[PDB]
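# I would like to see how this sequence folds:
(8 chains, ligands or ions: 6)
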Amino acid sequence: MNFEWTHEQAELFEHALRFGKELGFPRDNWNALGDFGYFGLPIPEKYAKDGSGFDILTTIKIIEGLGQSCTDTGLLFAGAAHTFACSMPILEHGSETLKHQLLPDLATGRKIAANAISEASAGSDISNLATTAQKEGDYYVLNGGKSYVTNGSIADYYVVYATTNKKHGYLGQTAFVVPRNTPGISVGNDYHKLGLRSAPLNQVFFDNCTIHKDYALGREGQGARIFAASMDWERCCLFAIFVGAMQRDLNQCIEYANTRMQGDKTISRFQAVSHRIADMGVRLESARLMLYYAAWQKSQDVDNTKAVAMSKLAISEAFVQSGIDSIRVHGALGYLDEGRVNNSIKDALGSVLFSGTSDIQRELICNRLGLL
Amino acid sequence: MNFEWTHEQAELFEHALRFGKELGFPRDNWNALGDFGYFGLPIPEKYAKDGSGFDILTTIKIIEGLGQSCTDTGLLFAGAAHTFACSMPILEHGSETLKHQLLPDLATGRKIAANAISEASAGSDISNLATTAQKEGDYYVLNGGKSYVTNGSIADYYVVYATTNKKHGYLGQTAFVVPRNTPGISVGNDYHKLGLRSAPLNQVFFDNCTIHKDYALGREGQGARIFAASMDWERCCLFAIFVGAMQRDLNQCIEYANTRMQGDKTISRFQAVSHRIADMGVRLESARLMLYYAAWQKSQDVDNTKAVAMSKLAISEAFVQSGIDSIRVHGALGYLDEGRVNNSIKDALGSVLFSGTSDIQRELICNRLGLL
Amino acid sequence: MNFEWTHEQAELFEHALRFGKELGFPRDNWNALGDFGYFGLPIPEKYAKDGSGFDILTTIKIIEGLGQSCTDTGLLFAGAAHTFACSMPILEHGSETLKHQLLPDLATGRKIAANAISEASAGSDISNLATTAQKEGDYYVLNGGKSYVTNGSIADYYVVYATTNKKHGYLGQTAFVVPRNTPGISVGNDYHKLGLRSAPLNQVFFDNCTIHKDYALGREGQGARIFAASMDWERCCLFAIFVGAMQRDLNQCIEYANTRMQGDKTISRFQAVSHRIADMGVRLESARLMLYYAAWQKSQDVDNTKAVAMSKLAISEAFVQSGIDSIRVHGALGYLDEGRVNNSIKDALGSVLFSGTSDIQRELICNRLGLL
Amino acid sequence: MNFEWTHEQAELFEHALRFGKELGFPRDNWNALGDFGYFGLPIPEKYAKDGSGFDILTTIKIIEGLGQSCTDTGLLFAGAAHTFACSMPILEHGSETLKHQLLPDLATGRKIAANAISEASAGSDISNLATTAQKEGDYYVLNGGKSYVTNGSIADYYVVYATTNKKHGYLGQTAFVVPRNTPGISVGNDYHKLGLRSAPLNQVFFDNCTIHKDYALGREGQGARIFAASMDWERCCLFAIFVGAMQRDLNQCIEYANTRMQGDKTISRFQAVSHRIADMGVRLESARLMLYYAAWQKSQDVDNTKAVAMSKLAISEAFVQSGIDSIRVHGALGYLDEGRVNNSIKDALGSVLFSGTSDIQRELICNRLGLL
Amino acid sequence: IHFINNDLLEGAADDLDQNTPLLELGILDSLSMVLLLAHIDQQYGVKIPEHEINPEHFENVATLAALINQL
Amino acid sequence: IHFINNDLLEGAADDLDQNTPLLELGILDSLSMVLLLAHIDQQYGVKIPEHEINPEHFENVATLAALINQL
Amino acid sequence: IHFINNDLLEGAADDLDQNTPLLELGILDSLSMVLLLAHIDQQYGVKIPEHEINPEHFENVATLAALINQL
Amino acid sequence: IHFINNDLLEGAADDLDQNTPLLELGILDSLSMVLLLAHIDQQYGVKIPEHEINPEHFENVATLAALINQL
Ligand SMILES: Cc1cc2nc3c(=O)[nH]c(=O)nc-3n(C[C@H](O)[C@H](O)[C@H](O)COP(=O)(O)OP(=O)(O)OC[C@H]3O[C@@H](n4cnc5c(N)ncnc54)[C@H](O)[C@@H]3O)c2cc1C
Ligand SMILES: Cc1cc2nc3c(=O)[nH]c(=O)nc-3n(C[C@H](O)[C@H](O)[C@H](O)COP(=O)(O)OP(=O)(O)OC[C@H]3O[C@@H](n4cnc5c(N)ncnc54)[C@H](O)[C@@H]3O)c2cc1C
Ligand SMILES: Cc1cc2nc3c(=O)[nH]c(=O)nc-3n(C[C@H](O)[C@H](O)[C@H](O)COP(=O)(O)OP(=O)(O)OC[C@H]3O[C@@H](n4cnc5c(N)ncnc54)[C@H](O)[C@@H]3O)c2cc1C
Ligand SMILES: Cc1cc2nc3c(=O)[nH]c(=O)nc-3n(C[C@H](O)[C@H](O)[C@H](O)COP(=O)(O)OP(=O)(O)OC[C@H]3O[C@@H](n4cnc5c(N)ncnc54)[C@H](O)[C@@H]3O)c2cc1C
Ligand SMILES: *P(=O)(O)OCC(C)(C)[C@@H](O)C(=O)NCCC(=O)NCCSC(=O)c1ccc[nH]1
Ligand SMILES: *P(=O)(O)OCC(C)(C)[C@@H](O)C(=O)NCCC(=O)NCCSC(=O)c1ccc[nH]1
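Numbers count the residues shown, from 1 in each chain, chains lettered A, B, ... in the order given. Ligands and ions are numbered 1, 2, ... in the order given. See the structure here:
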């Protein structure tokens, strides 16, 4: 039991912190993150030439550093959705041929992947997917709409979860990598939404899309469990972004409360302000430790789902409180867009919905506690 | 002690509820609210031909109705800032000639007023205003910047609070009505800010503005107390808007939770959702009663400052929680702009800052409780 | 709509405030409350010679006054359980003969009643009562255990809710007044419990108790709805006690924070303390208004269940926060029994359980909001 | 960075968990904890024959285990006050002769120490101590009252903090070990207080107590900083008790919610119950990680005060919520003393006061964040 | 009847008919009764008097329909 | 089988037997699977390999019992 | 005067006298004015009219004492 | 010295000089000491040893300046 980072891990973290300043869809910044190595952090060299094959802790520490120094949270979020919800299930469940075909360009960001499971009637409950996949010889025909696809408009591939056998319920779904050029894909314009402007969100329709069976991830019927495994990656690693974003919020509030004066004292001298900041620091230390613990536990081959769900919940909830408290501390200036504070709340409110709402995280926690 | 509205008050409330559907700066909607009578509700007929001269309770009930039916909260907010922070101090402290000159067009909205006290270094603490007014014969020369003026760009008059005598501290400020055409006024473009888009917010500079002494409100030195009296009006009546907006949030969440299904039940069947809605209903009943109590008490000529500060605090805090909970209940759809839900949080976060932050309301409450 | 008490109501409230100082089971204090008129407040003169026949608002205002001035909350609670859960259903559903027989001594407190519905397996869910009542000619035979009977040991009568017809479910229960001298009643010793020491709590067993049918309240099968009506009285009026108790907590914290000094200032000068007290004042104004509203609405013959459940919830939750915050404000002195502060939290934690837990109040609110 | 306990640390933890079942002032249980090694965990063998000389992490892990298995929290608290507030400053600042004289019997619990700093007018602010120590040759004469001494009645020694030079302010106090047999000590009876019944709390008066200068801890004037160092030990290690106590609360709630049924389902099936338990699990994982982090950091010779204050705050606040939520989950049964649940809230409310209130922890956090 | 299935039972109980014993099977309880009474008021203009809430009328949809007709 | 009725379905489904289609009727899902797998580990000492979680083995109690025997 | 020192200034300002400029030094402000006006009402039975709150009367303790006498 | 006035005392104490008794007047306390020690570390590269925190060195700015020089 220790909280010490290796010299190498510290170096990588400092490298991530410095990279932030070097920064329609911000394609140039996406490619810059590609060159930095963001999309290749957890990809083995075996599958991508400059894939770092980092362990989970090193990977989350670098992501945290980027979440701290890169103010475009939405962009980091797009990148993490691509890496953890798409590249990782490909790595874990793709044939060797699919992995060599897809991972090199995923790893550099030259090609972009989007995760597609939610539908018009499937959100928190994904037990009954209206999107179907029918076997026809060596091919599957995919049919259905996916309603909130991050990276929908920019995606070169969709990881799509579809019902292959209604009667097998939970074990009746299958995962497929669907190339963008497959006839029958249409994508709506990017939604206008509260935050995370750099991460496109789109409706995607699959109208009798034919794909070769080698594009299936895992076996027929494994869809639900592969999706669970990809959410284990995403809920764990993607949320490292917001722990960094919260360190930034906190740093900004401390600076401001030490600089801004009202009636001849810094506002730091009012406990309504300073004790508010103290609680941002508390909730942040807590969320960061929970992340580190979930990432460590995920590396131990035990069921780490409880720790991951607790971390996702604590980070995303702390991030909403951080966004609100930063505005409070900054006053009217925080309400103004030029205050450069009000993106935290807009982005944070996304983080308690995507990857499973807070209510779903508590469902998972309750289940892992053994509650009937 | 009763909670019964008269037949007339009920009728006016229903009239406000129906008016909502009939709806750069939305000048046409502003004028429609003018024709409805929004800017004349508390103005005596003596000063404006169709001024309603309603009592405080009737006035707040109509405003609540408008806050419920008019989705442009920002517009209502602009209108209430004009009425309660500007028209009321004019009514209460203007010479008879100033009142007959100004109120008829304020009351119809033909002319628009803006309240201007906050500066670069004066926000929560307004004890030391850098804006000065120097007496020169029958005129005052006003000099200084005002930093967050609601209606700044559209204002025909500014109610401006300025230091007339540094040595008299708290009793060394004076209120002035400054016509927009006064040489030496410049106004910055409307700020981009988190919410309340229809209510312009602007920097306004007064560069040696000369105005006749008949434009002073009250006596030299009364500025601080006239400002307190105008905040008593604004903190009480303007916040009626958000009680209506919260009834709308609640109605939308109940409808949605009864309609939206996940896994073959309405989401209303999950207590994480339904108990969340129950607490929105609780906090709303509470905030509404606190408003009614503050408005009633303000009509009694006792110190009603504690009740008003409690109401402002409870309404604005409930409104932030309502905005967040509405998004939670609606899921991704609430995060999307087309979900027509996410304006509540954006607007609510303004309401805990303007008219004195929540921290300042607690300062006032503590003072009225007799805390040293 | 007004918040004005009549001269008479004010006088009665002041009388209640003064009565507090004039104060095993504290039988002498019980009888003193009897002489004051506590048990007769809502009983018509028609049924008890000095019954006040007050309306609901007057009754709750007097109870609030007593909750403020009488430090034995547990005693007030015992008295209110007797009056609202027992005397009121007798008044509302007893035959004329039962009412003349029972109410005169209930009204003075000469005889004491206890309410008995909860069982080993029936608490929040009272749909399936194991206690049975079998008709035998002109008599009913009652059989079963009741597990948490307030006033169990001191009761002269039990209002007992029993299953008369399993197949009629919700409409298969009946209410009975069971005299203490009925052979077959046994009562366990008073439980040791966290608070409310003066209100006995006991297990009561009914071993083939025979009672005459004239002891039935209402008709066979009406038990569930009579119980709901008695909880409407109890949830509304009994909780007025704790609004008074919270005014006392608040008064004590203001006095203490203005008197106690740390490092040459009163602790009132720290916002961690004073803003904490401000929120006690806010939550108290809110809970009091919610009580007044529920009591007024209950007098209007509309479904007032939502308002009553909101009031019960808000009062009992505010009371728990008040108990905790009073300790915080008082420091070690609040932790010591001689600090005379720590009874609030002990008593408050009872108030979120009895008369339906907070979770059940939210169930009722959700239902009255129309949530499916 | 890892969260792995060594085989030895795991073994010790399991030993602590098993020891719980083997259990006026409970002197026999105190001595049993002595034999287990509780008072010797952090004492080097150099100073006490069976002193374990464990590192901080191992020590806190064993204490956590005891807090989980020993239901007498008050007893553990007495023991930790003795060890961390008394034995550790003796170890760190006593002469070699004082250490050999005192530590062997402190380490076994044969002699008991009490920490004494708080006074009638010194609680959260200990800058101005009314207790004085006057040098007279080779002796000091101590004069003053100490108001809330844990272990006051049972103490064989008091660690007493006294003003030696008013003009040196913060650096004008000194720490002394005062033997109980010193003429001039009087001790009041144990206070009746809300919780922690097994930990005596007493007023202690020092009426011209003469002690030899070799009983001074450190140098004249070092009193404030030695006290800070002892609170660093106590705030860090003593609170490990309550993390164990919270694991017990959580285990009890999970068992109960899986066993107790209302209307033919376990109460675990209501999200009002299960999501409540999920949040107890979240807050507990968080508080435990914060403890581990503070203990690790304390072993690194950096300023670990921020981490310790965050841990003390998070643990003690989580413990209050745990006590309240355990009652809620258990219903009336949790309110009854036989429910064996309601000691958590009674004890928890102590934990947010002693070792510095939550408000003081936030003062320290704010200071370590660099807030002015 | 569509009402009881959709609003009160939501998912399943697609076997529900005019003979299903509403009280006996726990379909009508303190909470569902409130929603049913509101529906009856909205859909039929009928406010069921207190005397009329009993096991005879609420036995099943047929008997309940009979009460609403009488009223 | 007692387990599925008590822990997974609690109330009712007293018609449950070795032929009830567990997947098809939604009895086994992402959450109930976790509890079932833990029970199987506790009660039988068997940790079901990932390859073995499929519609053939989890069709019903009989087929699941067959898998646990094989293992 | 004891009042201003204890209630309004608490710690120190032990130099305070009937000549200390209350407005100029920020001693009397929107919050302290409320407490002072309540004290004046309690201690002297005098409710200062709005017209009378001005820099002439509130200059210092002497001038304030003069106003309370007049009233 | 600018530091103590701005960071530690903020408003006023514009009479502060190299002779102001820092300990005696309560200017240096457990909290302000932390900020002062951090400033000294940042501004001068000096980490004051524990032995050296005493009333001789922290009497005033002059004596404190003397300690930082020695170190
Ligand atoms: C910014 C953003 C990006 C997204 N990106 C993607 C993407 O790339 N790919 C993708 O497939 N999806 C994506 N989504 C969809 C997202 O995963 C869902 O919004 C989320 O799962 C909730 O589903 P929903 O919106 O349908 O809400 P619903 O599931 O309709 O939920 C509405 C409310 O009911 C509650 N509720 C539902 N079920 C339960 C239950 N069992 N217990 C308690 N409460 C419950 C919810 O917690 C919520 O409060 C994204 C969403 C957002 C906001
Ligand atoms: C949408 C909007 C419209 C506005 N419209 C107008 C207008 O029409 N006219 C106008 O003059 N002004 C207007 N304002 C300005 C507004 O009144 C101020 O923003 C508000 O008074 C807070 O001042 P500030 O922004 O300078 O924050 P600051 O006063 O710098 O406060 C920053 C933080 O310090 C805290 N703080 C400050 N003093 C204390 C204290 N004594 N105790 C505890 N905490 C304290 C605050 O609560 C806040 O958390 C508007 C602001 C907004 C957001
Ligand atoms: C001081 C005191 C005095 C009392 N006096 C009396 C008396 O005079 N007469 C009398 O008959 N009874 C009395 N009671 C019993 C009291 O009414 C019950 O304790 C209460 O109804 C809760 O029942 P329970 O204790 O069995 O808890 P349970 O019903 O077992 O509840 C345990 C937990 O599960 C939750 N839960 C249960 N059902 C639901 C649901 N549908 N939705 C969400 N959550 C749920 C509860 O809210 C609680 O958190 C008294 C209790 C106390 C503490
Ligand atoms: C069970 C128990 C055991 C104890 N054991 C010991 C012992 O063994 N030895 C010992 O010496 N003492 C002991 N104490 C005393 C304990 O350390 C104090 O109670 C604590 O420091 C608070 O001091 P106080 O009670 O005087 O409250 P006060 O200091 O009077 O505080 C009252 C309120 O004012 C607030 N307040 C005070 N100063 C500030 C500030 N600067 N900022 C914000 N808020 C502030 C506090 O947080 C609190 O809310 C014990 C107390 C308890 C309850
Ligand atoms: P089990 O396999 O562990 O399933 C768990 C439960 C039953 C809770 C299941 O319903 C579930 O996980 N629901 C939540 C669904 C979820 O997490 N949806 C997220 C879609 S992808 C996401 O939003 C996103 C953003 C960026 C990339 N992906
Ligand atoms: P006292 O006269 O009662 O003064 C009270 C205190 C000392 C708290 C004072 O500092 C104060 O009221 N501060 C808050 C300032 C405030 O309310 N500022 C609001 C400016 S106007 C506003 O924001 C707005 C929006 C629309 C129209 N006006």
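
# how about the residue of chain E found nearest ligand 4, what does it touch?
Closest residue of chain E to ligand 4, Cβ to the nearest ligand atom: residue E:31 (42.5 Å). For the C-beta atoms, the positions are set from N, CA and C on the backbone; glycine is no exception. Contact analysis of residue E:31 by Cβ atoms under 8 Å, 6 or more residues apart in numbering or on different chains lists C:363-364, C:367.

# quick check: next helix or strand after the strand or helix carrying it?
Per DSSP states H and E: residue E:31 is located in helix E:30-44. Later in the chain than helix E:30-44, the nearest helix or strand by DSSP H and E is helix E:61-70.

# spatially nearest residue to residue A:116 (excluding sequence neighbours)?
residue A:146 (3.9 Å; Cβ to Cβ, 6 or more residues apart in numbering or on different chains).

# okay, and the beta partners of the one you found?
residue A:204 (DSSP bridges).

# ok, it touching residue A:118?
Yes - when contacts are counted by Cβ atoms under 8 Å, residue A:146 is listed as touching residue A:118 (6.5 Å).

# okay, the two: which has more neighbours?
Set residue A:146 next to residue A:118 and count neighbours by other Cβ atoms under 10 Å in any protein chain shown: residue A:146 wins out with 28 against 21.

# residues contacting that one?
Residue A:146 neighbours (Cβ under 8 Å, 6+ apart): A:116-119, A:131, A:152, A:158, A:160, A:203-206.

# over to residue E:71?
Applying Cβ under 8 Å, 6+ apart, the residues contacting residue E:71 are E:46, E:48-49, E:52.

# now the buried members of these.
Burial by neighbour count, judged by 16 or more other Cβ atoms under 10 Å in any protein chain shown, picks out E:46, E:48 from the contacts of residue E:71.

# is it possible to export the contacts of residue E:71 to JSON lines including distance to chain G?
Listed next are these as JSON lines, based on distance: Cβ to the nearest Cβ, whole Å:
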{"residue": "E:46", "distance to chain G": "58"}
{"residue": "E:48", "distance to chain G": "56"}
{"residue": "E:49", "distance to chain G": "57"}
{"residue": "E:52", "distance to chain G": "60"}
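
# now, which of the contacts of residue E:71 sits nearest residue D:342?
When those are ranked by distance to residue D:342 (Cβ to Cβ), residue E:48 comes first, at 44.2 Å.

# other residues contacting stretch A:315-325?
A:239, A:242-243, A:245-246, A:249-250, A:253, A:276-277, A:279-280, A:283-284, A:286-287, A:290-291, A:342, A:344-349, A:351-352, A:358, B:320, B:324, B:349.

# show me what residue of chain E gets nearest to chain B.
Going by Cβ to the nearest Cβ, chain B is nearest to residue E:11 of chain E, at 4.3 Å.

# wait, a strand at that residue?
No - looking at residue E:11 with DSSP: H, G, I helix; E, B strand; the rest coil, it is coil, so not inside a strand.

# buried residues, stretch A:118-138. List them.
Result for stretch A:118-138 [16+ other Cβ under 10 Å]: buried residues A:118-119, A:122-124, A:126-129, A:131-133.

# burial check on the closest residue to ligand 4 within the stretch 101-250 of chain A, number of neighbours?
Nearest residue of the stretch 101-250 of chain A to ligand 4: residue A:250, at 20.8 Å (Cβ to the nearest ligand atom). Neighbours of residue A:250 under the rule other Cβ under 10 Å: 21.
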